[PDB]
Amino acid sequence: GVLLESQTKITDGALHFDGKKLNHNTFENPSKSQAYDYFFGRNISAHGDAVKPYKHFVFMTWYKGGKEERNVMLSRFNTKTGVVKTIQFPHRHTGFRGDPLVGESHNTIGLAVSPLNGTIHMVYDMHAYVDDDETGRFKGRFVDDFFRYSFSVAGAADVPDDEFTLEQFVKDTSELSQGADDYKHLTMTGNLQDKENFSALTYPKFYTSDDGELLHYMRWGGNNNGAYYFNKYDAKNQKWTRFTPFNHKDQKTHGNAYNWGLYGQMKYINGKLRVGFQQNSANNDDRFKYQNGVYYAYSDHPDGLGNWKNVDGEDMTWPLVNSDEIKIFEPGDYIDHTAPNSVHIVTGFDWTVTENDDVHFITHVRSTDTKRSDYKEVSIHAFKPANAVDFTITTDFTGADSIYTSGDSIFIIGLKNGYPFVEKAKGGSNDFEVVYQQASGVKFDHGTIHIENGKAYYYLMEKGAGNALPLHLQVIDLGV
């Protein structure tokens, strides 16, 4: 029953890093040519939490194309009329550590629209930025601008197409305003005293609760010392709460044997705030070069403020200090190496929970040393049916980067030879089948997905040369 219901071009020129990959030794001599060099990956548009359906619209964010442009953009697509109206913001992608010549793929444009009062929310262009000066890592380039929040008056999301302009959005008019085209707010609470609470964050991601409340979470910190922080939109007062931690930072000072970072996602699923991740311990003497384990917890509090529990319903220390409390299993156990740093876990992790409360995790493990003779590589699917005691754990699985769910089913959705495909399985099972594979039309380089209404919103960038490429929105019915 899977089928493409619409494909809609949004622009001919969104930003893309088409230049050379830089590193620690080279990033300070980026090309001044027409090619746009980058430091991590090439993707920045149609990337991250950049697509949201709201009533009969779909809102999308992107970076204006052209190495020399880079403006934050917001588009609203009218599903009934076919009209795509775009707003161009003044802020331009500031690049790796604030140098626009080096593309920075972390700095996505997160987006949300409040069902309660029709305000629009955007957090963007952020990668652990703090206040510092000429001698710091960031050379003073983010002072009074390390958290970048833009948002509209009430009702902006429903205004006629002629009124959907930058005039719908609220200026920074505080003591720290950088001027007349300052649309970036340093906090979401409206109180600059809260500013340290918004420092050093990455990865803006929004959810809507079952009662229409906007939730938001970001990641503080780095590789082996990080935390998830989450907050809530007060639509009545048109402001957000301060950020609250899922786990403590600097766990080793809060009672843990080691500091650890997190690689995973918080998600609002089945009407609860939940988290699934692999940890990255600061210990460099054990067998895991980077990540290890699979962890999961959920909150019985509507806003996540306490009452956390692990998969077995046991109370979790909160904010969490010791990840052991919520560990499900060790992907490391599926490879035989035990020597220090011999086990490599980074890509291929995600998780989901079905409407029937089937819990699913996917992961990937390989030998650190790819040249060894007994090299090993497995993909893992760990899943527990609703009415099951234990998890079923299998390496009879091809691997994936994401897992999705809708209704009774789980899905794997991505690109194969430039075209979207969908694989589907019953919730609580490992029985995946390809049920959809686009086979004609322009091909795509990358994209990002949002599931809702039994549909996948696949926000995509078309393949091509240069650093200004077209964007298309595909709406795919999953047919559940």
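All residue numbers refer to positions in the sequence shown, first residue = 1.
The deposited model assigns a higher average Cα B-factor to 126-134 than to the other stretch when 126-134 and 221-229 are compared. Once the C-alpha B-factors are averaged per stretch, 366-374 and 244-252 rank with 366-374 first. Across 352, 387, 392, 322, the greatest Cα temperature factor reported in the deposited entry is at 387. Taking only the listed residues 401, 396, 161, 333, the entry reports the highest CA temperature factor at 161. Per the PDB record, residue ranking by Cα B-factor puts residue 261 in the lowest third of the chain. The PDB entry assigns residue 179 a C-alpha temperature factor belonging to the highest third of its chain's modelled residues. Residue 438 sits in the lowest third of its chain by CA B factor, as recorded in the PDB entry. Residue 38: CA B factor lies in the highest third for its chain, per the PDB record. Annotation for residue 446: CA B-factor lies in the lowest third of the chain's modelled residues.
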